[PDB]
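Residue strings, one per chain:
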Amino acid sequence: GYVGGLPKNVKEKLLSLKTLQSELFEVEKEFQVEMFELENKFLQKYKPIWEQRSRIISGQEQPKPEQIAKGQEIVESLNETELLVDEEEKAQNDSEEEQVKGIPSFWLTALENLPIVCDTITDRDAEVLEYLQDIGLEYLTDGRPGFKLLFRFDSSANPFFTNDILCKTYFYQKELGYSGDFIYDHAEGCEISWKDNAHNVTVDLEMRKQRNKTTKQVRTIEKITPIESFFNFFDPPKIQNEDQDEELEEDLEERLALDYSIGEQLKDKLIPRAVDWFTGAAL
Amino acid sequence: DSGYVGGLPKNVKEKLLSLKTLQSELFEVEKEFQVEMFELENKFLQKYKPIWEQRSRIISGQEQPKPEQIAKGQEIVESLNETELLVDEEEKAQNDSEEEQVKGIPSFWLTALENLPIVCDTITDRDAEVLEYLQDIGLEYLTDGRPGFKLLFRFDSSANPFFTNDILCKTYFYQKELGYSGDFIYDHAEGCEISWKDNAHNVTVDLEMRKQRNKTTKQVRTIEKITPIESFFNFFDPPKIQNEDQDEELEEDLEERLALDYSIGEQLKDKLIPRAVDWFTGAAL
């Protein structure tokens, strides 16, 4: 205030500082573009590792002796001696071992250990998550900057929906939010092609067969009511803000905070750290 | 669950070991990514250097704004709300001879630090007295030698009465390996020895003097005593370790002092200097 009340030398110097602030903001925009470029570059390196562990998880690929030995040495260095093999386990025959190809409930176990997301999982969700093979992540290059999430389900054996893959998208605002980070814009996601309502874990179901007391027509009914589930992660909050959504926008904002927290958790912890979160060592 | 872990078939344990190996490879990739980020950040620090130097010249009064920069600032003021800078008729009547009697921006950096939440707690009035002579706050990235960043504080020896050092700097150091989350993690920090002009001006100590005809020792003797005290300039001379005392005393020392010190260093580096102006006016809050 008084700095404005100070002579126009001080005001004019502040004006120059603000012009330099705008120029610095331009340099900052350049830096942000550069760091997203670098992040994409190294995400291309992340993807092979994540896909490899996903193939191991689903059982689509097998380990190798050198990898097992390296993990042995690392675990001994980690002090997490629980993973260590014992002779009683060695006694198991191959016929006993191959009864399951992938790690049972790998992701479900990992998501159960993960702090916030585990609260979202219901029993039917847990059963569904058993068919979850992989979680993949991607960055949005066009238009608004943002990052996208992918899940792969073995839809062939999945009894609940035909969606081979589900994708979830996040958006950021146009300009650099203050403090030189990117702040969120609303999110969008897929809709699930449930095979039927009984198998729809986002829904609880009622069956009714009736003869209408008013018209005396004969009818059989299939009825639906939505419920909370891990897959409420999809059907994300509709819009950041719009005139018709305001009453919805209350829930959209709250669920947006929660869903951004969930996605941030996935992005930083789970997809970059899966093994420890499965084993619980990440706790 | 230990029981479930035991239940894991030997094949499943082998697969888990392979997965942990993959996680280690991921940590290696994260190391490479952090190296690239550090180098790019150094490059854009080089690009920031001109603008920061120019604003420093403006702050010190060594340079005067041009009408072009003035008009651009006026436009940016018309944007959002900064009409505090819109110059009024009463000021245009003034003359540079009257205005330039105060050259530069009084207490620009001291004001900037005080608005900064965490660090301002450490600054005392005795520290503050030095900070009016602060006219620059600079960053350096320790590309050579141990990784980390160094902070630079500048003064005028001919102006300040406290020390003969034109520049005071603080340093922070990282471990050779990344943290678990993939971010950088810390090593012991170090600070400069302040070349105080005299102990009386020195602000990291409180002193007392006595004189005794000590019959207990039959000594006509003069004595001096020095006590460390709390002050922001304790931000320099950070803690160090000695093995035996380390595990009892410096364990808690490292638990507390290092946490506060790293928090303050990162807060300066990230929040303050890139927004050196908004923090001074307070808009950066």
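Just above sits the structure.
Residues numbered from 1 in each chain as written, not as in the entry; some residues may be left out. Chains lettered and ligands numbered in written order. Heavy atoms only, no water.

Caption draft 1: Inspection of the overall build of chain B at higher detail. Counting its secondary structure elements, chain B contains 10 helices and six strands. By principal-axis analysis of the C-alpha atoms, chain B measures approximately 85 × 80 × 35 Å. For chain B, the proportion of its 285 residues judged to be buried stands at 45%. Looking at chain B alone, contacts between residues at least 24 apart form 56% of all its contacts between residues at least 6 apart. As presented, chain B carries roughly 15,900 Å² of accessible surface, and 49% of it is formed by carbon and sulfur atoms. Charge-centre separation for chain B: the mean point of 33 positive side chains lies 6 Å from the mean point of 60 negative side chains. (Helix = DSSP H or I, 4+ residues; strand = E, 2+ residues; numbered from the N terminus. Buried < 20%, exposed > 50% of the residue type's maximum accessible area, 1.4 Å probe, protein only. Contact = heavy atoms within 4.5 Å. Areas by Shrake-Rupley, 256 points an atom, 1.4 Å probe, with all protein chains shown as cover. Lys, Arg positive; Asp, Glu negative; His and termini not counted. Charge placed at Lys NZ, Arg CZ, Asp CG, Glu CD.)

Caption draft 2: View of the overall build of chain A. Counting its regular elements, chain A contains 10 helices and six strands. A compact globule built from 283 residues would reach a C-alpha radius of gyration of about 19 Å, whereas chain A, at 26 Å, exceeds it by more than 25%. With respect to the principal axes defined by its C-alpha atoms, chain A has extents near 85 × 75 × 30 Å. The buried share of chain A, taken over its 283 residues, is 44%. Put simply, of all contacts in chain A between residues at least 6 apart along the chain, 56% involve residues at least 24 apart. (Rg over C-alpha atoms; globule rule 2.2 N^0.38 Å.)

Caption draft 3: Main features of a negative patch on the surface. Residues and elements named next belong to chain B. Side chains of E244, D245, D247, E248, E249, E251, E252, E255 and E256 sit close together on the surface and give a patch of like negative charge. Topologically, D245 is positioned in helix α9 (residues 243-272). A relative accessible area of 31% means that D245 is categorised as partly exposed. (Patch = residues over 30% accessible without salt bridge, like charges linked within 9 Å, V, L, I, M, F, W, Y side chains within 5 Å. Salt bridge = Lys/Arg side-chain N within 4 Å of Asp/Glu carboxyl O.)

Caption draft 4: Representation of the nonpolar core in the model. Within the largest apolar cluster, 70 residues are counted, with the highest numbers of intra-cluster contacts made by A:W107, A:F153, A:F161, A:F231 and A:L270. Sort the elements by how many residues they give to this core and helix α2 (residues 8-58) of chain A lands first, with nine residues. Look past the residues within four positions of A:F231 in its chain and what remains in contact with it is A:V128, A:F153, A:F161, A:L166, A:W194, A:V201 and A:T202. Core analysis: the second largest hydrophobic core is formed by 66 residues, A:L24, B:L110, B:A276 and B:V277 among them. (Core = buried A, V, L, I, M, F, W, Y, C linked by side-chain atoms within 4.5 Å.)

Caption draft 5: Examining the sheet that holds strand β1 (residues 136-141) of chain B more closely. Residues and elements named next belong to chain B. The four strands are arranged β1-β2-β3-β4 in an open sheet whose pairing can be described as antiparallel. Edge positions in the open sheet fall to β1 and β4 (186-191), since each of these has one partner strand only. The mean angle between the axes of side-by-side strands here comes to 15°, regardless of whether they run parallel or antiparallel. Pairing analysis gives four bridges linking strand β3 (residues 167-174) to β4, with the strands arranged antiparallel. Across the sheet, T171 pairs through a bridge with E190, a residue of β4. This element, helix α2 (residues 10-60), spans β1 and β2 (148-154) of the sheet and lies at about 165° to β1. (Pairing = 2+ DSSP bridges. Axes fitted to C-alpha atoms, helices over the stretch in contact; angles between N-to-C directions.)

Caption draft 6: Examining α2(A) more closely. The terminal C-alpha atoms of α2(A), which comprises 51 residues, lie 70 Å apart, in line with the 75 Å expected from a rise of 1.5 Å per residue. Maximal helix bending in α2(A) amounts to about 25°, located at A:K45; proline A:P48 follows within four positions. (Expected span 1.5 Å × (residues − 1). Bend = angle between axes of the 7 residues up to and from the residue.)

Caption draft 7: Molecular detail of the packing of aromatic side chains. Across all of its chains, the model carries 48 aromatic pairs over all chains by this definition. In this structure, A:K267 packs its charged tip against the face of A:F147, placed 4.1 Å from the ring centre. When the ring centre of B:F173 is taken as origin, the NZ or CZ atom of B:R146, which lies over that ring, is 4.2 Å away. (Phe/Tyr/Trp six-rings, centres within 6.5 Å; stacked < 30°, edge-to-face > 60°. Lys NZ or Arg CZ within 6 Å of the ring centre and 35° of its normal.)

Caption draft 8: Representation of the pattern of salt bridges in the model. Under the counting rule described, the total for this entry stands at 33 salt bridges over all chains. For the salt bridge of B:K20 with A:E80, the shortest nitrogen-to-oxygen distance reads 3.1 Å. Here A:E80 lies in the loop between α3 (65-78) and α4 (87-90) and B:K20 lies in helix α2, a pairing that spans two chains. There is no split in this pair, since B:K20 and A:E80 are both buried.

Caption draft 9: Representation of the packing of α2(A) against helix α3 (residues 67-78) of chain B within the structure. One way to put it is that α2(A) packs onto α3(B) with a least axis distance of 7 Å and a crossing angle of 75°. On the basis of the axis angle, α2(A) is roughly perpendicular to α3(B). For the pair α2(A) and α3(B), contact is made by A:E12, A:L15, A:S16, A:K18, A:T19 and A:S22 and by B:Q69, B:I70, B:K72, B:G73, B:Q74, B:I76 and B:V77, respectively. Considered class by class, the residues forming the contact of α2(A) with α3(B) number four nonpolar, six polar and three charged. (Parallel < 35°, antiparallel > 145°, perpendicular 65-115°, else oblique. Nonpolar A, V, L, I, M, F, W, Y, C, P; charged D, E, K, R; others polar.)

Caption draft 10: Inspection of a positive patch on the surface at higher detail. Together, B:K211, B:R213, B:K215 and B:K218 make up a region of like positive charge exposed at the surface. Tracing the sequence through the fold places B:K211 in strand β5 (residues 205-214).

Caption draft 11: Molecular detail of the side chain of A:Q21. Structurally, A:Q21 is set in helix α2. Excluding its chain neighbours within four sequence positions, the residues that come into contact with A:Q21 are B:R275, B:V277 and B:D278.

Caption draft 12: The interface of chain B and chain A, seen in detail. Taken residue by residue, the interface counts 75 residues in chain B and 71 residues in chain A. For the pair chain B and chain A, the summed buried surface comes to about 6,900 Å²; carbon and sulfur atoms form 67% of the total. Summed over the shared surface of chain B and chain A, the number is 11 salt bridges. Of the charged contacts, one joins B:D278 and A:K18 as a salt bridge, the two residues approaching to 3.1 Å between their closest N and O atoms. Our count for the chain B to chain A interface comes out at 32 residue pairs in polar contact. (Buried area = accessible area lost by both parts, 1.4 Å probe. Polar contact = N/O pair within 3.5 Å; in protein donor to acceptor, adjacent residues only side chain to side chain.)

Caption draft 13: Quick look at the packing of α3(A) against α2(B). It is the contact of α3(A) with α2(B), at a shortest axis distance of 7 Å, that shows an interaxial angle of 75°. Taken as axis vectors, α3(A) and α2(B) run roughly perpendicular relative to one another. Contacts from A:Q67, A:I68, A:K70, A:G71, A:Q72, A:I74, A:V75 and A:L78 of α3(A) reach α2(B) at B:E14, B:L17, B:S18, B:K20, B:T21 and B:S24. Residues belonging to the contact of α3(A) with α2(B) are distributed by class as follows: five nonpolar, six polar and three charged.

Caption draft 14: Region of interest: α9(B). Between its first and last C-alpha atoms α9(B) spans 36 Å; for 30 residues at 1.5 Å apiece the expected length is 44 Å, and the helix comes up short by more than 12%. At B:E249, α9(B) shows its maximal bend, which comes to roughly 60°.

Caption draft 15: Representation of the pairing of strand β2 (residues 146-153) of chain A within the structure. Residue and element names in this part refer to chain A. Along β2, six of the eight residues are buried, which leaves the element largely enclosed by surrounding structure. Two elements, strand β1 (residues 132-140) and β2, share eight bridges in a ladder whose sense is antiparallel. Within β2, the position partnered with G136 by the bridge is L150. The pairing of β2 with strand β3 (residues 165-172) spans five bridges and is classified as antiparallel.

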